[PDB]
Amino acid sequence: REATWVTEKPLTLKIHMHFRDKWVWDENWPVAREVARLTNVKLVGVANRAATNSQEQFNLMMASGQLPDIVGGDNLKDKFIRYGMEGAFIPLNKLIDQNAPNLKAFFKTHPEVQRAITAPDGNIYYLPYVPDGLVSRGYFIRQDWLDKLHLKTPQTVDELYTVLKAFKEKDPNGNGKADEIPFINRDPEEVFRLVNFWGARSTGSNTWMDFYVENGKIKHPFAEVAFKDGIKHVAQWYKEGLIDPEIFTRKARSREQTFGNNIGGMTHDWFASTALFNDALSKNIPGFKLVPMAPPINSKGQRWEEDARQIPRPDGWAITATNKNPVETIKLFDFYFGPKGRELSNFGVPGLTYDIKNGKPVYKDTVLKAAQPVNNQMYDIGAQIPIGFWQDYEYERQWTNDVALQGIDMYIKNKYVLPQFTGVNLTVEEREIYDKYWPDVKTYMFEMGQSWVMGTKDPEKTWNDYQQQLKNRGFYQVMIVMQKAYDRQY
């Protein structure tokens, strides 16, 4: 028996958690095993290991006529709210109030987090992934390639074009082959963010393809004429091979591949893990220096960093109506928001990945000096996963090197980060329109975006058809309710 036990009799529950198109909940995870030891509740995964579409797996689960006890994963906020109000997920308000002291204390000190996760009916249907930190992504460029080609740090988009063209054509890796790929990215959606260079938005927040506000008006980036004009330039850069031809396909290991083989010249990605490649490749590629770069002055005369950490993220977990032990489940959920539970969900397992030194969790040298970024190492053992948990920036600080730290400091000091969209408060009937049309519109917008970038569709020629399709698919009905909710709030 332990003092942290939430049940005397051992309990096993079924969890469907497919996340980030790559992972599922693993009961064999060191973190999962330690939480199970401490709480006396074991979670067994029921999601499909083979699948590469997390959203599709949720949809199949909901249509399968049989629900597990817990459902977790990334980008499930809208689905948690929709199916919560339908009765598939249970409200947590009373359960938290009666059984979850840690969450109660958290929500009163973080009222904006409670607001962001609350449904239009007043119910909380899930607990969120709560990130910790301020900045997220920044631009990184190969300083050693700039120096080798005797080029200055590009200050404008036009200067950047010249630099990326030189990366492609002037053989900076010195192997006599045109193998260089100037701009690479882990995230296909970052190719859309390049429209920032031409004064167009791609998203209002860390959530992909999110709305934004300009002059008291709700706008969606993909519906704006600025995007039409901006994506033409992105398409041109793709055409000329300045953007990774595989930007839509390469994905997760883009940096390991392109930086590791000394072909990648630039990216836009998280400071800590991106700067880590300087250390990992220090001997394999002598002189490898990937440095933070201020965003280039765009066509609107400004230096935009569009991305920032989003607190909370639209990720987390919920309790189903089929769960026979909702009290034990909410108590397990609450363990994660206490000191020990928070430490495990961030750092891993004590004596394995970290040690308590002077009362502080300190990562082992084997973790810090490893080839893999620490967050990747955490995923492998069940930490830093998009369950209901509270991230602790102290975990991140420990593997944020001086190059990363100084880049973060530059971005904070110079205020590059654009004001982020914090959402609007929809009513139940407004949310019905939102849930009916928006997911399918977003999928269509992505498809059109990819087509424009790859040149299979001409953005100028197809814009009228695209706008007609947006209307036919209900996008403008969504826009009406979004503005209606904004005007009511502000």
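Each residue number is its position in the shown sequence, starting from 1.
Note on 223-231 vs 73-81: mean CA B-factor is higher in 73-81. Here the stretch with the larger average CA B-factor, out of 183-191 and 414-422, is 414-422. For the set 112, 409, 246, 240, the maximum C-alpha B-factor listed in the entry falls on 112. Between the residues 103, 141, 344, 318, the entry's highest C-alpha temperature factor is the one at 103.
Annotation for residue 89: C-alpha temperature factor in the highest third relative to the rest of the modelled chain, per the entry. Remark: residue 170 belongs to the middle third of its chain, ranked by C-alpha B-factor as recorded. Compared with the other modelled residues of the chain, the Cα B-factor recorded for residue 107 ranks in the highest third. Placement of the Cα temperature factor of residue 293 within the chain: lowest third of the modelled residues, per the deposited record. Ranked within its chain, residue 339 lands in the middle third, by CA B factor from the PDB record.
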